[PDB]
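K.L.:
Have a look at the structure that comes next, please.
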Amino acid sequence: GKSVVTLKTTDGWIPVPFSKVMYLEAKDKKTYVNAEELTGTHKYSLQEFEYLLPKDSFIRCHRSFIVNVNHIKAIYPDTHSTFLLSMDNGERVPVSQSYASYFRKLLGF
Amino acid sequence: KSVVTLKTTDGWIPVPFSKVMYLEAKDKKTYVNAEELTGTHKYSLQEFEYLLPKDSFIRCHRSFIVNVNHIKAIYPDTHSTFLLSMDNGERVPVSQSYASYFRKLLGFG
Amino acid sequence: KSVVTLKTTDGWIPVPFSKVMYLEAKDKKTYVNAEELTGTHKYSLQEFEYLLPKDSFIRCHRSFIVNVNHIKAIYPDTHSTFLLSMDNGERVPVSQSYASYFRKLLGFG
Amino acid sequence: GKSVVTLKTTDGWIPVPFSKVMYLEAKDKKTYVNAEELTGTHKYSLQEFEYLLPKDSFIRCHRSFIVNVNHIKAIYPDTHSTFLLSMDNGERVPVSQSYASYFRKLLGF
Ligand SMILES: [Mg+2]
Ligand SMILES: [Mg+2]
Ligand SMILES: [Mg+2]
Ligand SMILES: [Mg+2]
């Protein structure tokens with residue numbers, strides 16, 4: 001199918017393998033692709049990325065986030081209705097109340 | 001699916017299938033033994049046989065599924081039986097009732 | 001297929017597709033440029049488009065096919081044109097006639 | 001499908017991933033599986049292995065040898081009718097006159 005996402009940087013564009021994408025974030029009306037070594041902008045929506053990203057690795061976990069389960073370090077029940085994801089590079093990502101069942105069902109816990 | 005999510009004391013930990021050494025039924029619970037950690041999972045060994053890659057994982061005992069890629073050596077320890085030396089030093093049994101299936105699948109005989 | 005066999009002065013060298021950076025048509029001959037070496041191949045660029053993985057390789061010029069996994073960054077160098085900075089430091093063109101196809105496939109635009 | 005070959009050693013059996021098999025040799029009425037770190041015996045014939053080994057990596061190159069093209073370092077035309085394969089660990093493997101066309105056709109040179 002496809003195996004790289006092209007992030008927009010200030011001067012050029014950087015092809016990043018899917019394997020190096022940690023998460024994607026909808027923020028300030030754009031999609032930010034957060035890769036291990038850089039961050040950049042993409043024109044596709046999170047809805048479009050859900051179609052194109054491999055469903056074995058990537059999961060919509062919040063209206064504003066797609067996470068790569070291979071960069072998840074730990075999953076915490078931060079409150080009674082949500083999760084908080086500890087990423088391998090120290091970042092955190094929320095699983096919202098509205099995605100929390102889908103998230104845990106798909107991940108099998 | 002790509003990872004298995006192990007239950008921990010404060011949370012859950014996604015582990016790739018490549019890092020799972022073996023799974024053990026114990027006390028009405030499945031224990032997934034990965035390189036860095038062990039945790040529980042809600043699926044039975046029979047459910048995991050369905051969902052784990054058949055090229056890599058094999059039920060070898062009523063209480064164990066082993067990842068063949070973490071078997072260091074296979075030794076006959078009885079008339080009707082094998083014993084698996086794992087990479088990390090541990091040892092997993094192949095019971096009498098699985099020894100024939102086990103060797104047919106791994107192709108020694 | 002898994003490897004491409006490059007012709008050398010004393011012989012031939014199998015290179016995995018992962019190690020091919022780009023292929024270049026020159027003088028009635030295809031040059032496969034791998035990380036450690038360059039050699040010739042009897043297949044045309046058109047033949048190689050058929051046989052190389054579409055997720056990884058793309059014809060970007062009448063004289064080049066590039067491996068997207070060895071592109072370091074993509075820069076616009078003209079109205080109708082891109083220039084590819086490769087990992088090893090080299091630079092490959094995307095000609096006017098391929099620039100649109102190139103960006104549609106890589107998903108920037 | 002399958003992803004390990006079980007070699008017979010003096011005391012036990014050792015599962016080896018296909019990726020670590022360099023070549024197989026029919027010799028003295030047995031099959032010897034030559035892996036990066038050890039050698040051992042298998043009950044299947046070279047004919048049977050041709051069926052079971054991935055055709056993208058493994059090739060029958062001689063009535064007595066199956067080679068893994070991923071462990072080939074260089075291919076030499078040692079005479080006008082044969083090739084000689086330089087393996088990555090320093091060993092050599094012949095491509096006989098009778099397999100030489102099939103070998104070069106499959107490898108594309
Ligand atoms: Mg992880
Ligand atoms: Mg082993
Ligand atoms: Mg790159
Ligand atoms: Mg090699």
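Basis: the model, the stated rules and, where named, an outside source; no laboratory read-out is quoted. FYI the Cβ positions are ideal-geometry reconstructions off the backbone, even for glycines, and counts take in every protein chain you see.
K.L.:
What residue, of C:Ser95, C:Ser100, is farther than 23 Å from A:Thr41 by Cβ and more than 9 Å from chain A (Cβ to nearest Cβ)? Steps first, please.
P.N.:
Details: C:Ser100 fails: farther than 23 Å from A:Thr41 by Cβ.
The match here is C:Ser95.
K.L.:
Now for a different question. If D:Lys20 passes every condition in (1) more than 16 Å from ligand 4 (Cβ to nearest atom); (2) more than 14 Å from chain C (Cβ to nearest Cβ); (3) of a type outside the set (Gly, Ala, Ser) but one, which one does it miss?
P.N.:
So D:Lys20 meets the others, but not (1).
K.L.:
Which residue out of D:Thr31, D:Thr6 is touching a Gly at 6+ places or on another chain (Cβ under 9 Å) and buried (at least 16 other Cβ atoms within 10 Å of the Cβ)?
P.N.:
Testing whether each residue is touching a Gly at 6+ places or on another chain (Cβ under 9 Å) and buried (at least 16 other Cβ atoms within 10 Å of the Cβ) leaves just D:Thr6.
K.L.:
If you take the residues of the stretch D:56-77 that are farther than 13 Å from D:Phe103 by Cβ and within 11 Å of chain C (Cβ to nearest Cβ), which of them is surrounded by the most Cβ atoms within 10 Å (Cβ to Cβ)?
P.N.:
D:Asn68
K.L.:
Given (1) surrounded by 12 or more Cβ atoms within 10 Å (Cβ to Cβ); (2) closer than 20 Å to D:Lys2 by Cα, where does B:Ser63 come up short, assuming only one miss?
P.N.:
It is condition (2) that B:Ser63 fails.
K.L.:
Okay, moving on. Of all residues in the stretch B:21-43, how many are in contact with a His (Cβ under 6 Å, 6 or more places away or on another chain) and surrounded by fewer than 17 Cβ atoms within 10 Å (Cβ to Cβ)?
P.N.:
Looking only at that region, the number is 0.
K.L.:
Given the conditions (1) within 16 Å of ligand 3 (Cβ to nearest atom); (2) in a strand (DSSP E or B); (3) out of contact with any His (no Cβ under 7 Å at 6 or more places or on another chain), which single one is not true for C:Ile13?
P.N.:
Single failed check for C:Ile13: (1).
K.L.:
Next question. Only one residue in D:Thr6, D:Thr39, D:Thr10, D:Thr82 is over 21 Å from C:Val3 (Cβ atoms) and away from ligand 2 (no atom under 16 Å from the Cβ), so which one is that?
P.N.:
Of D:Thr6, D:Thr39, D:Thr10, D:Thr82, the one residue that is over 21 Å from C:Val3 (Cβ atoms) and away from ligand 2 (no atom under 16 Å from the Cβ) is D:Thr10.
K.L.:
With the stretch C:67-109 as the region, which strands (runs of 3 or more DSSP E) entirely inside it contain at least 2 residues that are within 22 Å of A:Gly1 (Cα to Cα)?
P.N.:
Result: C:71-78.
K.L.:
For D:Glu48, indicate whether it is free of Cβ contacts under 8 Å to residues at least 24 places away in the same chain, acidic (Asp, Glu), in a helix (DSSP H, G or I) and under 25 Å from B:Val66 (Cβ atoms).
P.N.:
It is true that D:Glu48 is free of Cβ contacts under 8 Å to residues at least 24 places away in the same chain, acidic (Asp, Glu), in a helix (DSSP H, G or I) and under 25 Å from B:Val66 (Cβ atoms).
Residues are listed down the side, and each one gets a yes or a no for (1) within 16 Å of ligand 2 (Cβ to nearest atom); (2) closer than 26 Å to D:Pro54 by Cα; (3) in contact with a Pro (Cβ under 9 Å, 6 or more places away or on another chain):
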| residue | (1), (2), (3) |
| --- | --- |
| C:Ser2 | no, yes, yes |
| C:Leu6 | no, yes, yes |
| C:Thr9 | no, no, no |
| C:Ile13 | no, yes, no |
| C:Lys26 | no, no, no |
| C:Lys29 | no, no, no |
| C:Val32 | no, yes, no |
| C:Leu37 | no, no, no |
| C:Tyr43 | no, yes, no |
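K.L.:
Oh, and also: Name every residue in the stretch D:87-109 that is basic (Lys, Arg) and either over 14 Å from C:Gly11 (Cβ atoms) or more than 13 Å from the chain's Cα centre (by Cα) (or both), in order of residue number. Can you show your working first?
P.N.:
We begin by selecting, within the stretch D:87-109, every residue basic (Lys, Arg); these are D:92, D:104-105.
Result: D:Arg104, D:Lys105.
K.L.:
Suppose the filter is free of Cβ contacts under 8 Å to residues at least 40 places away in the same chain, within 16 Å of ligand 1 (Cβ to nearest atom) and in a strand (DSSP E or B); does A:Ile59 pass it?
P.N.:
For A:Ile59, the condition - free of Cβ contacts under 8 Å to residues at least 40 places away in the same chain, within 16 Å of ligand 1 (Cβ to nearest atom) and in a strand (DSSP E or B) - is not met.
K.L.:
Of the conditions (1) outside the structural domain of D:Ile14 (by CATH); (2) part of a strand (DSSP E or B); (3) touching a helix residue (DSSP H, G or I) at 6+ places or on another chain (Cβ under 9 Å), D:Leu84 fails just one. Which one is it?
P.N.:
In the conditions (1) outside the structural domain of D:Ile14 (by CATH); (2) part of a strand (DSSP E or B); (3) touching a helix residue (DSSP H, G or I) at 6+ places or on another chain (Cβ under 9 Å), D:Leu84 misses (3) alone.
So that you can scan it fast, the table gives a plain yes or no per residue for (1) hydrophobic (A, V, I, L, M, F, W, C); (2) in contact with a helix residue (DSSP H, G or I) (Cβ under 6 Å, 6 or more places away or on another chain); (3) under 28 Å from B:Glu36 (Cα atoms):
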site: A:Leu7; (1), (2), (3): yes, no, no
site: A:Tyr32; (1), (2), (3): no, no, no
site: A:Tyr44; (1), (2), (3): no, no, no
site: A:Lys73; (1), (2), (3): no, no, yes
site: A:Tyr102; (1), (2), (3): no, no, yes
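Listed here are the residues, each with its yes/no results for (1) away from every other protein chain (no Cβ under 12 Å); (2) away from ligand 3 (no atom under 16 Å from the Cβ).
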site	(1), (2)
C:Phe17	no, no
C:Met21	yes, no
C:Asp27	yes, yes
C:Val32	no, yes
C:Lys42	no, yes
C:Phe48	no, yes
C:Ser56	no, no
C:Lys72	no, no
C:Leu83	no, no
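K.L.:
Given the criteria away from ligand 3 (no atom under 16 Å from the Cβ) and either assigned to a strand (DSSP E or B) or in contact with a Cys (Cβ under 6 Å, 6 or more places away or on another chain) (or both), does A:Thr31 qualify?
P.N.:
So A:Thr31 fits the description; yes.
K.L.:
In addition: Search the stretch D:87-109 for residues being assigned to a strand (DSSP E or B) and surrounded by 19 or more Cβ atoms within 10 Å (Cβ to Cβ), and hand back the single one that is farthest from the other protein chains (Cβ to nearest Cβ).
P.N.:
It comes out as D:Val93.
K.L.:
Also, I was wondering about something else. Which residue pairs have Cβ atoms under 9 Å apart, sit 6 or more places apart or on different chains, and have a first residue in the stretch A:73-100 that is at positive phi and a second that is more than 16 Å from ligand 4 (Cβ to nearest atom)?
P.N.:
From the stretch A:73-100, the pairs are A:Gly90/A:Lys73.
K.L.:
Still on this model: Checking B:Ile58 against (1) closer than 18 Å to B:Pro14 by Cα; (2) touching a residue at least 24 places away in the same chain (Cβ under 8 Å), only one condition comes out false. Which one?
P.N.:
Here B:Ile58 clears every test but (1).
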